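In the structure tokens that follow, the same protein chain appears in two forms, which are kept apart as structure 1 and structure 2.
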Structure 1
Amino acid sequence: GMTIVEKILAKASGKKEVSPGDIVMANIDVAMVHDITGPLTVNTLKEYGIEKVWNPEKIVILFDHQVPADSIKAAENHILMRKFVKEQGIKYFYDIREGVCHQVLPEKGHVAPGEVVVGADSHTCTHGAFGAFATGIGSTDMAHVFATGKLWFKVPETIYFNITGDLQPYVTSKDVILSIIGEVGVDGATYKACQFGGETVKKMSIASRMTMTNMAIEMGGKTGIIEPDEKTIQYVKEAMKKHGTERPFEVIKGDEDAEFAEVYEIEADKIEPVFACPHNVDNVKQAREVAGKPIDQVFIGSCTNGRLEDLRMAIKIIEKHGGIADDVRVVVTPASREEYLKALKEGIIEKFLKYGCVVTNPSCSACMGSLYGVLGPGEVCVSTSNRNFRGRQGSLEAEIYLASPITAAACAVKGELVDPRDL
């Protein structure tokens, strides 16, 4: 009787069974690296004299196509990456501006149910939306992965969030996950896989599911995971066909009599629009109880969201209420080029433009970085981001409220923190 994570790690280590706390050596299906972890990893490999990665088709590299105009080190790192990709015969390499980190990997078909996914970023948990075991690892582990196609993992315990009921109007999976995190706390799920399931999750789209697993790490989770269903299978198969990345996969599900460290019953019909308020993702408040505070900027589409359903719900709110308030900069960033195209074809982009919204291209590098330069001092911002920028948020006592795309759009409309149901 095993959880989905246990089964995935059992299969991957060739074991009959696995229990939390077991330390097992698991085959890696896909390893993703972007920005600096790329050059660290390649360098470590050079130092050990490793001529070849284990499988050039199970490595996904995101890297800036533009040579950085000043620093010679980054031009050097850039030449290094191109050499590696070429010599190793790495098939799957993408511009850092193909999309935000965690959008590009699944949309090209690189994440299937039952797979072990490792990534250089803290928010690789995102890919657990696909019934995959997905974790962020450092460059030392990443070099080991590139060399051998294996890594030691400690099997985590699972907390199961059973989410049932129907989401009320104007409420999204962003509000569900934020509400879960306000209760559990930034450290409440340390070492644990956070599994979301239940009738409410079944009805959610893949896009909505990804927003939840995206933020598992924000409560100290080891990862986030949702079992695959028909929507999952069809998304993955369609993505594989579009990009030529077909490979066999096994849909793995947890057992009905699996053990969990904890089980939360989440009443979805009770979730309301919420904000994560400065300065902790933990500090979650019902929108009404903060409503009224004037705001300077709104970011709709961020790390990792701004998929088509996010852009729809945002543009519907804005266009219905006649555009955006005065003295609010509203930046709209589709999660990927592929998502940008879908929005373009549906006339959504043209409409954001019409209301004086800035529409900008996504960049994986933006998710990793400093917010120095984007927010002015003392400015209040509403963001659909699913990750914190603590430490380097940044410029410097700027205030940043995390919200769903619906609430973010509402805020853009009124020019203040507002509950979208109150427009």
Structure 2
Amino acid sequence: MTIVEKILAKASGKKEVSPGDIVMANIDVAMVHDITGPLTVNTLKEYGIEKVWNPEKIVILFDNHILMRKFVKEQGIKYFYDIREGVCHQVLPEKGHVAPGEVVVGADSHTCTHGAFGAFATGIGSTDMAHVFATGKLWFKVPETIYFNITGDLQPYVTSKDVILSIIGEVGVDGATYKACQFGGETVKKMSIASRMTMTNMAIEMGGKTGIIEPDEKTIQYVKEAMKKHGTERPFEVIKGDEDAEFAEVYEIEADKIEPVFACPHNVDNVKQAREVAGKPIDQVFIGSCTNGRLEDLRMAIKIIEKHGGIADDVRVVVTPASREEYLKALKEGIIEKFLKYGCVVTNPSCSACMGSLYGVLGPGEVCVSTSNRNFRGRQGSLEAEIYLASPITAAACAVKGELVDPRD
């Protein structure tokens, strides 16, 4: 019985569960952000429930507005954050709302990110969310874990981004469909929580239901620290998979021979190695995202840039910390100013002037190296623009030379 299965078993209140089995599980936290909030509320009452189940288990996002204020006020909803905590998923675990062995549901597709914390985390539609708000439970078709056992040491200039991009590259946009992608092995236990978030975030890009990574005391340290800092403290159990569990499509990845890659334009899953496509000129580099937007990413990228002393002219470098906290960390550490001084522009996620700038919008015939999730046509701009995906290191290197690279050159 897998970790996702022990989670769904404890949640449903069953003592055993199989893949394909269908259960009613209790929700630990539910999150709504933009359109889905108003939708969920209206959809919530044309039905007639006047009380949400647990006003402290719902997390909402703010900046028509009126229904949402009045909803949070009419309910007892304690956790509601402004959009200047950052547009990404970072906020939810940052404040300690995601603990191991928990069932987390959210409006956004990439809620799967929180699987990094050893919780079962999924995006759901508006109606499902309305049910959750009403009953604090939801139906789940119990998935199957496909286990990716990653062992070996990451070579220099190689990040979990290259790892997950390679994995996606051999499994295609599908899949990994009705199934949960579970990452493990020594290479996974060695990487940081940030690095794990990078992978779990991109799980659904394989068409996966969610990514999940088993917890260890990096996970514990993170969660406990966040909980004490934000007063979101609450007991949790550490649910981890048994060797008594079986997996559709166990893969084996060895991080030794993984080298810096690219997700080449319009599709995430093609994934050609850096050397092959190297040399093509680029007019923009986008560093930071929900995928790699955290402190370690900024740190390695600015390290690369700094060592070679600045960026190529006639290239637009855009640096976007995943959240306000991450931004403040990078600020306090001098990283933000190093970026600024080298000619990059940094978007302060709490600044509307920063957030509304069109400076990073790709025009026709423009090439961009991005550290984000998605390279499909028209994503960052014109549909006649193309987008390569990379780790912060590879991206930084591209910003240094001003065309497509392999970080070691």
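Residues that one form lacks are left out of the comparison. For clarity, a rigid core is taken as the largest C-alpha set superposing within 1.5 Å between two forms. The first residue in the sequence of structure 1 is number 1, and each one after it adds one.
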query: Form selected (criterion: the form deposited without 2,4-dimethylpentane-2,4-diol); finding: 2
query: Flagged residue of 367, 26, 381, 31 - C-alpha shift reaching 2 Å or more between structures 1 and 2, core superposed; finding: 367
query: Shift of residue 393 between structures 1 and 2 at or above 2 Å (CA, core fit); finding: yes
query: Core superposition between structures 1 and 2, C-alpha change of residue 303 at least 2 Å; finding: yes
query: Core-fitted comparison between structures 1 and 2 - CA shift at residue 256, Å; finding: 1.5
query: Consecutive-residue runs (3+) with Cα displacement of 2 Å or more between structures 1 and 2, core aligned; finding: 303-305, 361-373, 386-394
